[PDB]
$ cat model16.cif   # mmCIF, C-alpha atoms
data_start
#
loop_
_atom_site.label_atom_id
_atom_site.label_comp_id
_atom_site.auth_asym_id
_atom_site.auth_seq_id
_atom_site.Cartn_x
_atom_site.Cartn_y
_atom_site.Cartn_z
CA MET A 1 3.65 -29.35 65.87
CA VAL A 2 6.46 -31.79 66.98
CA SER A 3 5.99 -35.33 65.46
CA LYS A 4 5.57 -38.29 67.92
CA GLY A 5 8.76 -39.98 66.52
CA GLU A 6 10.62 -36.62 66.64
CA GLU A 7 9.95 -36.14 70.41
CA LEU A 8 11.90 -39.43 71.13
CA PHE A 9 15.14 -37.83 69.74
CA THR A 10 15.11 -34.33 71.42
CA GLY A 11 17.90 -35.14 73.94
CA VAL A 12 20.93 -37.50 74.06
CA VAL A 13 19.69 -41.08 73.38
CA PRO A 14 21.73 -44.16 74.41
CA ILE A 15 22.49 -46.62 71.56
CA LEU A 16 23.06 -50.37 71.58
CA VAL A 17 24.23 -52.22 68.43
CA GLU A 18 24.44 -56.06 68.11
CA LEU A 19 25.80 -57.70 64.91
CA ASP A 20 26.17 -61.43 64.14
CA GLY A 21 28.28 -61.87 61.01
CA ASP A 22 29.40 -64.72 58.75
CA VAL A 23 31.91 -63.86 55.95
CA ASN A 24 33.22 -66.80 53.81
CA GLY A 25 32.32 -69.11 56.78
CA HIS A 26 34.28 -66.83 59.26
CA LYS A 27 31.74 -66.16 62.06
CA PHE A 28 32.09 -63.09 64.33
CA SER A 29 30.02 -60.88 66.62
CA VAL A 30 30.22 -57.12 67.32
CA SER A 31 28.65 -55.24 70.24
CA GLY A 32 28.45 -51.46 70.21
CA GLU A 33 27.47 -48.80 72.75
CA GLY A 34 27.25 -45.03 72.64
CA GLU A 35 24.90 -42.12 72.21
CA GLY A 36 23.09 -40.13 69.54
CA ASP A 37 22.25 -36.40 69.62
CA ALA A 38 19.97 -35.92 66.57
CA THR A 39 19.68 -32.13 67.26
CA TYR A 40 23.40 -31.99 66.16
CA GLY A 41 23.37 -35.15 63.91
CA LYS A 42 26.10 -36.44 66.26
CA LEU A 43 26.88 -40.15 66.96
CA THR A 44 29.58 -41.38 69.37
CA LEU A 45 29.91 -45.18 69.35
CA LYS A 46 32.46 -47.80 70.39
CA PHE A 47 32.35 -51.28 68.87
CA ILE A 48 33.98 -54.47 70.26
CA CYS A 49 34.56 -57.72 68.42
CA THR A 50 33.25 -60.12 71.13
CA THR A 51 34.55 -63.30 69.30
CA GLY A 52 38.21 -62.11 69.16
CA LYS A 53 39.83 -60.77 65.97
CA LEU A 54 37.52 -59.27 63.32
CA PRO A 55 38.00 -61.30 60.09
CA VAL A 56 37.21 -58.23 57.89
CA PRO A 57 38.44 -54.60 58.02
CA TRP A 58 36.52 -52.38 60.55
CA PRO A 59 35.83 -49.67 57.87
CA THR A 60 33.79 -52.21 55.81
CA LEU A 61 31.30 -52.50 58.77
CA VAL A 62 30.71 -48.74 59.41
CA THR A 63 27.56 -48.35 57.19
CA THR A 64 26.13 -51.60 58.69
CA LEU A 65 26.84 -50.81 62.39
CA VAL A 67 21.20 -45.59 62.81
CA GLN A 68 20.20 -42.89 60.28
CA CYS A 69 17.36 -41.93 62.71
CA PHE A 70 20.04 -39.69 64.40
CA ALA A 71 20.53 -37.46 61.27
CA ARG A 72 19.95 -33.72 61.79
CA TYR A 73 17.04 -32.77 59.50
CA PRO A 74 16.95 -28.96 59.13
CA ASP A 75 13.66 -27.27 60.14
CA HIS A 76 12.47 -26.83 56.49
CA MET A 77 13.04 -30.61 55.94
CA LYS A 78 11.43 -32.14 59.13
CA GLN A 79 8.54 -33.51 56.94
CA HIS A 80 11.08 -35.72 54.98
CA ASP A 81 12.41 -37.63 58.08
CA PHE A 82 11.18 -41.22 57.47
CA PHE A 83 13.64 -42.66 60.02
CA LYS A 84 12.27 -40.84 63.11
CA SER A 85 8.62 -41.13 61.91
CA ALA A 86 8.86 -45.00 62.15
CA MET A 87 9.75 -44.87 65.91
CA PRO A 88 9.32 -46.22 68.48
CA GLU A 89 8.26 -49.44 66.61
CA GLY A 90 11.20 -48.89 64.22
CA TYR A 91 12.14 -50.08 60.74
CA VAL A 92 13.84 -52.94 58.96
CA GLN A 93 17.00 -51.79 57.11
CA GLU A 94 18.28 -54.20 54.40
CA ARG A 95 21.38 -53.78 52.27
CA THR A 96 23.46 -55.48 49.66
CA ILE A 97 27.06 -54.22 49.56
CA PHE A 98 29.07 -55.23 46.46
CA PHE A 99 32.85 -54.89 46.88
CA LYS A 100 34.18 -54.29 43.33
CA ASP A 101 36.41 -57.22 42.15
CA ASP A 102 35.51 -59.04 45.44
CA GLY A 103 32.62 -60.45 47.51
CA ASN A 104 29.33 -59.02 48.87
CA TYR A 105 27.64 -58.37 52.23
CA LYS A 106 23.92 -58.89 52.67
CA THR A 107 22.52 -57.28 55.86
CA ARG A 108 19.14 -57.30 57.62
CA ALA A 109 18.76 -55.05 60.67
CA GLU A 110 15.97 -53.91 62.96
CA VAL A 111 16.27 -50.37 64.32
CA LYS A 112 13.82 -49.70 67.18
CA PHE A 113 13.48 -48.47 70.76
CA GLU A 114 13.85 -50.91 73.65
CA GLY A 115 12.77 -48.57 76.47
CA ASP A 116 15.01 -45.47 76.37
CA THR A 117 17.67 -47.34 74.25
CA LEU A 118 17.82 -47.13 70.43
CA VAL A 119 18.80 -50.65 69.29
CA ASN A 120 20.35 -51.69 65.97
CA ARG A 121 20.22 -55.52 65.73
CA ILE A 122 21.92 -56.85 62.55
CA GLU A 123 22.50 -60.16 60.74
CA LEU A 124 25.35 -60.02 58.15
CA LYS A 125 26.18 -62.64 55.49
CA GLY A 126 29.31 -62.23 53.33
CA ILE A 127 30.12 -64.56 50.36
CA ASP A 128 32.50 -64.77 47.35
CA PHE A 129 35.46 -62.91 48.96
CA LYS A 130 39.06 -63.45 47.77
CA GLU A 131 41.43 -64.72 50.53
CA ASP A 132 44.20 -62.42 49.11
CA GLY A 133 41.67 -59.57 48.42
CA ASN A 134 41.51 -56.16 50.12
CA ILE A 135 38.88 -57.38 52.67
CA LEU A 136 39.92 -60.87 53.89
CA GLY A 137 43.56 -59.70 53.25
CA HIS A 138 43.08 -56.62 55.56
CA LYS A 139 44.49 -54.09 53.01
CA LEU A 140 42.11 -51.18 53.84
CA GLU A 141 43.35 -48.13 55.78
CA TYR A 142 41.68 -47.45 59.14
CA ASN A 143 40.09 -44.39 57.54
CA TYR A 144 36.76 -43.09 56.17
CA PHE A 145 35.59 -40.41 53.71
CA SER A 146 32.70 -37.92 53.77
CA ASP A 147 29.81 -38.72 51.40
CA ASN A 148 26.24 -37.90 50.34
CA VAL A 149 23.67 -40.74 50.46
CA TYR A 150 20.75 -39.96 48.12
CA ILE A 151 17.44 -41.08 49.70
CA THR A 152 14.27 -41.71 47.62
CA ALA A 153 10.76 -42.85 48.64
CA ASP A 154 9.44 -46.37 47.86
CA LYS A 155 5.65 -45.79 48.23
CA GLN A 156 4.85 -49.44 47.21
CA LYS A 157 6.72 -50.75 50.34
CA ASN A 158 5.78 -47.61 52.38
CA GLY A 159 9.52 -46.95 53.06
CA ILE A 160 12.70 -45.64 51.41
CA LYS A 161 15.60 -46.86 49.33
CA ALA A 162 19.08 -45.55 48.58
CA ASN A 163 22.15 -46.51 46.56
CA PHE A 164 25.56 -44.94 47.20
CA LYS A 165 29.25 -45.74 46.79
CA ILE A 166 31.64 -46.03 49.74
CA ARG A 167 35.33 -45.69 48.82
CA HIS A 168 37.78 -47.45 51.19
CA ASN A 169 41.41 -46.29 50.78
CA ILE A 170 43.71 -49.23 49.89
CA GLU A 171 47.09 -49.25 51.69
CA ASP A 172 49.27 -49.63 48.56
CA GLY A 173 47.20 -46.99 46.79
CA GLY A 174 43.90 -46.76 45.04
CA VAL A 175 40.35 -47.24 46.27
CA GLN A 176 38.18 -50.26 47.07
CA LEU A 177 34.59 -49.48 45.97
CA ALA A 178 31.68 -50.69 48.13
CA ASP A 179 28.36 -50.37 46.18
CA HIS A 180 25.45 -50.04 48.66
CA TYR A 181 21.81 -50.81 47.75
CA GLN A 182 19.52 -50.07 50.71
CA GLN A 183 15.81 -50.55 51.49
CA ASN A 184 14.05 -49.44 54.76
CA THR A 185 10.48 -50.58 55.64
CA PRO A 186 8.54 -49.74 58.82
CA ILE A 187 8.01 -52.52 61.38
CA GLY A 188 4.78 -51.00 62.76
CA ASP A 189 1.44 -50.47 60.90
CA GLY A 190 1.46 -46.76 62.01
CA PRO A 191 1.88 -43.82 59.61
CA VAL A 192 5.37 -42.75 58.44
CA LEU A 193 6.81 -39.82 56.44
CA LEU A 194 7.65 -40.77 52.84
CA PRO A 195 10.27 -38.18 51.87
CA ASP A 196 10.90 -36.19 48.71
CA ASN A 197 14.30 -36.90 47.09
CA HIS A 198 17.05 -35.63 49.43
CA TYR A 199 20.45 -36.72 50.71
CA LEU A 200 22.27 -37.35 54.01
CA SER A 201 25.71 -35.74 54.23
CA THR A 202 27.90 -37.88 56.52
CA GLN A 203 31.41 -37.39 57.93
CA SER A 204 33.00 -40.23 60.00
CA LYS A 205 36.20 -40.28 62.13
CA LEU A 206 37.58 -43.73 63.13
CA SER A 207 39.90 -43.97 66.18
CA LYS A 208 41.14 -46.33 68.93
CA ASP A 209 40.66 -46.30 72.71
CA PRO A 210 44.31 -46.46 73.90
CA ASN A 211 43.24 -48.51 77.03
CA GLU A 212 41.20 -51.10 75.00
CA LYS A 213 43.03 -54.39 74.26
CA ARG A 214 40.10 -56.02 72.41
CA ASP A 215 39.72 -55.64 68.64
CA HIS A 216 37.52 -52.51 68.54
CA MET A 217 36.60 -49.33 66.69
CA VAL A 218 35.64 -45.92 68.10
CA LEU A 219 33.36 -44.01 65.66
CA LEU A 220 32.50 -40.30 65.77
CA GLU A 221 29.93 -39.39 63.05
CA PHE A 222 27.96 -36.28 61.97
CA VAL A 223 24.94 -36.77 59.65
CA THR A 224 22.94 -33.85 58.17
CA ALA A 225 20.00 -33.90 55.72
CA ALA A 226 20.16 -31.56 52.69
CA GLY A 227 19.15 -31.25 49.03
CA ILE A 228 15.86 -29.28 49.33
#
$ encode --input "model16.cif" --output "structure tokens"
Amino acid sequence: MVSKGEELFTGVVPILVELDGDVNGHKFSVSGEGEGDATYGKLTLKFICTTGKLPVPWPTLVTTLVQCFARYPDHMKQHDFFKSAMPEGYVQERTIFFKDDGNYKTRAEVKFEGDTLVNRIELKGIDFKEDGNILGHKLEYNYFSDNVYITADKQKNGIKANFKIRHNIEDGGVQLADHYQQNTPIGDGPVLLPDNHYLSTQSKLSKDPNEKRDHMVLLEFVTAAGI
């Protein structure tokens, strides 16, 4: 049959993202709006810095700013933890270590508020170098394809993942961002604990030519594989 959580993602779902961030004492907020079509693993989102100029590079916030919109192929529907936790949602926590630089720690709640899928995030960044690639804005407005390997955490009744993001550096070379992730359901209801698999993601970053605020337009495709 069609899972309860799965039925909530059959059409185009509107998305709201809210982030409050603090990086080396530099406080900022981001609001995002768009839509998710999980049948096609498709996300279209636009993000606005509501406090003015973003004090970090936009590409460093992409993983933080809704894996419930991944396309799980038919043979893999049983492994979709993210949709199975809905509508009550899940807590998504990360540490992101920027090699030779500081770290982000993030706590988010991903859940339905009526028809809207909400990602509400707190971000804390510490130990960044003022002349580093992040606070120095040396990352290209760019993003690579990747595979995120997802594994069950039965003890916490959720999942974990660790992956590397590579951010192109303007001179040359790559800035590594080491992600450690844990997701736990918010509700007491049953959820799907998946077999080992991975999410294949491609991301295109762009600008709205009519937008004067510091912003990022994100087009993303996410597909489950590996079984």
$ closest_atom_pairs --input "model16.cif" --of "stretch 5-117 of chain A" --to "stretch 142-147 of chain A" --cutoff "12 Å" --atoms "only C-alpha atoms" --output "JSON lines"
{"residue": "A:56", "atom": "CA", "partner": "A:142", "partner_atom": "CA", "distance": 11.7}
{"residue": "A:57", "atom": "CA", "partner": "A:142", "partner_atom": "CA", "distance": 7.9}
{"residue": "A:58", "atom": "CA", "partner": "A:142", "partner_atom": "CA", "distance": 7.3}
{"residue": "A:59", "atom": "CA", "partner": "A:142", "partner_atom": "CA", "distance": 6.4}
{"residue": "A:60", "atom": "CA", "partner": "A:144", "partner_atom": "CA", "distance": 9.6}
{"residue": "A:61", "atom": "CA", "partner": "A:144", "partner_atom": "CA", "distance": 11.2}
{"residue": "A:62", "atom": "CA", "partner": "A:144", "partner_atom": "CA", "distance": 8.9}
{"residue": "A:63", "atom": "CA", "partner": "A:144", "partner_atom": "CA", "distance": 10.6}
$ atom_distance --input "model16.cif" --atom1 "atom CA of residue A:7" --atom2 "atom CA of residue A:153"
22.8 Å
$ residues_around --input "model16.cif" --residues "residue A:117" --least-positions-apart "5" --cutoff "7 Å" --atoms "only C-alpha atoms" --output "list in words"
residues 13, 14, 15 and 16 of chain A
$ residues_around --input "model16.cif" --residues "residue A:79" --least-positions-apart "3" --cutoff "9 Å" --atoms "all atoms listed in the file" --output "tab-separated table (two decimals) with C-alpha atoms, keeping the file's coordinate frame"
chain	number	residue	atom	x	y	z
A	73	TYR	CA	17.04	-32.77	59.50
A	75	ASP	CA	13.66	-27.27	60.14
A	76	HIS	CA	12.47	-26.83	56.49
A	82	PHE	CA	11.18	-41.22	57.47
A	193	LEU	CA	6.81	-39.82	56.44
A	194	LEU	CA	7.65	-40.77	52.84
A	195	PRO	CA	10.27	-38.18	51.87
A	196	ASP	CA	10.90	-36.19	48.71
$ atom_distance --input "model16.cif" --atom1 "atom CA of residue A:88" --atom2 "atom CA of residue A:163"
25.4 Å
$ resolve_selection --input "model16.cif" --expression "the PyMOL selection byres ((chain A and resi 27) around 12)" --output "PyMOL selection string"
chain A and resi 19-26+28-30+49-56+123-127
$ resolve_selection --input "model16.cif" --expression "the PyMOL selection byres ((chain A and resi 43) around 10)" --output "compact mmCIF listing (two decimals) with C-alpha atoms, in the frame of the given file"
# COMPACT_ATOMS: atom_id res chain seq x y z
CA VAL A 12 20.93 -37.50 74.06
CA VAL A 13 19.69 -41.08 73.38
CA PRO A 14 21.73 -44.16 74.41
CA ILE A 15 22.49 -46.62 71.56
CA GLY A 34 27.25 -45.03 72.64
CA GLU A 35 24.90 -42.12 72.21
CA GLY A 36 23.09 -40.13 69.54
CA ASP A 37 22.25 -36.40 69.62
CA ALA A 38 19.97 -35.92 66.57
CA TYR A 40 23.40 -31.99 66.16
CA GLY A 41 23.37 -35.15 63.91
CA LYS A 42 26.10 -36.44 66.26
CA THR A 44 29.58 -41.38 69.37
CA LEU A 45 29.91 -45.18 69.35
CA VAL A 67 21.20 -45.59 62.81
CA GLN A 68 20.20 -42.89 60.28
CA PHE A 70 20.04 -39.69 64.40
CA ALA A 71 20.53 -37.46 61.27
CA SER A 204 33.00 -40.23 60.00
CA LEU A 219 33.36 -44.01 65.66
CA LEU A 220 32.50 -40.30 65.77
CA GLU A 221 29.93 -39.39 63.05
CA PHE A 222 27.96 -36.28 61.97
CA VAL A 223 24.94 -36.77 59.65
$ atom_distance --input "model16.cif" --atom1 "atom CA of residue A:179" --atom2 "atom CA of residue A:93"
15.8 Å
$ resolve_selection --input "model16.cif" --expression "the PyMOL selection byres ((chain A and resi 162) around 12)" --output "PyMOL selection string"
chain A and resi 93-97+148-154+159-161+163-165+179-184+195+197-200
$ closest_residue --input "model16.cif" --among "A:65, A:17, A:1, A:77" --to "residue A:228" --atoms "all atoms listed in the file"
A:77
$ residues_around --input "model16.cif" --residues "residue A:74" --least-positions-apart "4" --cutoff "9 Å" --atoms "only C-alpha atoms" --output "NGL selection string"
:A and (78 or 224-226)
$ residues_around --input "model16.cif" --residues "stretch 156-158 of chain A" --least-positions-apart "4" --cutoff "8 Å" --atoms "all atoms listed in the file" --output "PyMOL selection string"
chain A and resi 185-186+192+194
$ write_last_selection --input "model16.cif" --atoms "C-alpha atoms" --output "PDB file, in the coordinates of the input"
ATOM      1  CA  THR A 185      10.480 -50.580  55.640  1.00  0.00           C
ATOM      2  CA  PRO A 186       8.540 -49.740  58.820  1.00  0.00           C
ATOM      3  CA  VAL A 192       5.370 -42.750  58.440  1.00  0.00           C
ATOM      4  CA  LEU A 194       7.650 -40.770  52.840  1.00  0.00           C
TER       5      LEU A 194
END
$ closest_residue --input "model16.cif" --among "A:6, A:172, A:90, A:201" --to "residue A:119" --atoms "all atoms listed in the file"
A:90
$ residues_near_point --input "model16.cif" --point "(41.0, -46.1, 70.8)" --cutoff "12 Å" --atoms "all atoms listed in the file" --output "PyMOL selection string"
chain A and resi 45-48+142+205-220
$ write_last_selection --input "model16.cif" --atoms "C-alpha atoms" --output "PDB file, keeping the file's coordinate frame"
ATOM      1  CA  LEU A  45      29.910 -45.180  69.350  1.00  0.00           C
ATOM      2  CA  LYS A  46      32.460 -47.800  70.390  1.00  0.00           C
ATOM      3  CA  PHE A  47      32.350 -51.280  68.870  1.00  0.00           C
ATOM      4  CA  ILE A  48      33.980 -54.470  70.260  1.00  0.00           C
ATOM      5  CA  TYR A 142      41.680 -47.450  59.140  1.00  0.00           C
ATOM      6  CA  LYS A 205      36.200 -40.280  62.130  1.00  0.00           C
ATOM      7  CA  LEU A 206      37.580 -43.730  63.130  1.00  0.00           C
ATOM      8  CA  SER A 207      39.900 -43.970  66.180  1.00  0.00           C
ATOM      9  CA  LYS A 208      41.140 -46.330  68.930  1.00  0.00           C
ATOM     10  CA  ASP A 209      40.660 -46.300  72.710  1.00  0.00           C
ATOM     11  CA  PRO A 210      44.310 -46.460  73.900  1.00  0.00           C
ATOM     12  CA  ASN A 211      43.240 -48.510  77.030  1.00  0.00           C
ATOM     13  CA  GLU A 212      41.200 -51.100  75.000  1.00  0.00           C
ATOM     14  CA  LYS A 213      43.030 -54.390  74.260  1.00  0.00           C
ATOM     15  CA  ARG A 214      40.100 -56.020  72.410  1.00  0.00           C
ATOM     16  CA  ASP A 215      39.720 -55.640  68.640  1.00  0.00           C
ATOM     17  CA  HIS A 216      37.520 -52.510  68.540  1.00  0.00           C
ATOM     18  CA  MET A 217      36.600 -49.330  66.690  1.00  0.00           C
ATOM     19  CA  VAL A 218      35.640 -45.920  68.100  1.00  0.00           C
ATOM     20  CA  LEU A 219      33.360 -44.010  65.660  1.00  0.00           C
ATOM     21  CA  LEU A 220      32.500 -40.300  65.770  1.00  0.00           C
TER      22      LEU A 220
END
$ decode --input "model16.cif" --residues "stretch 182-203 of chain A" --atoms "C-alpha atoms" --output "PDB file, in the first residue's frame"
ATOM      1  CA  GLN A 182      24.473  14.112  10.617  1.00  0.00           C
ATOM      2  CA  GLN A 183      21.891  12.538  12.943  1.00  0.00           C
ATOM      3  CA  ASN A 184      18.061  12.506  12.358  1.00  0.00           C
ATOM      4  CA  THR A 185      15.581  11.451  15.107  1.00  0.00           C
ATOM      5  CA  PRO A 186      11.774  11.419  14.849  1.00  0.00           C
ATOM      6  CA  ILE A 187       9.826  14.088  16.767  1.00  0.00           C
ATOM      7  CA  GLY A 188       6.686  11.914  17.114  1.00  0.00           C
ATOM      8  CA  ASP A 189       6.322   8.582  19.025  1.00  0.00           C
ATOM      9  CA  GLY A 190       4.816   6.970  15.844  1.00  0.00           C
ATOM     10  CA  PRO A 191       6.543   4.235  13.822  1.00  0.00           C
ATOM     11  CA  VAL A 192       9.226   5.127  11.238  1.00  0.00           C
ATOM     12  CA  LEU A 193      11.182   3.227   8.548  1.00  0.00           C
ATOM     13  CA  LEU A 194      14.762   2.435   9.618  1.00  0.00           C
ATOM     14  CA  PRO A 195      16.559   1.999   6.284  1.00  0.00           C
ATOM     15  CA  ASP A 196      19.185  -0.449   5.064  1.00  0.00           C
ATOM     16  CA  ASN A 197      22.479   1.212   4.037  1.00  0.00           C
ATOM     17  CA  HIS A 198      21.838   3.365   0.934  1.00  0.00           C
ATOM     18  CA  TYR A 199      22.808   6.765  -0.442  1.00  0.00           C
ATOM     19  CA  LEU A 200      21.187   9.975  -1.719  1.00  0.00           C
ATOM     20  CA  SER A 201      22.615  11.247  -5.017  1.00  0.00           C
ATOM     21  CA  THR A 202      22.265  15.051  -5.100  1.00  0.00           C
ATOM     22  CA  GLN A 203      22.929  17.650  -7.806  1.00  0.00           C
TER      23      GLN A 203
END
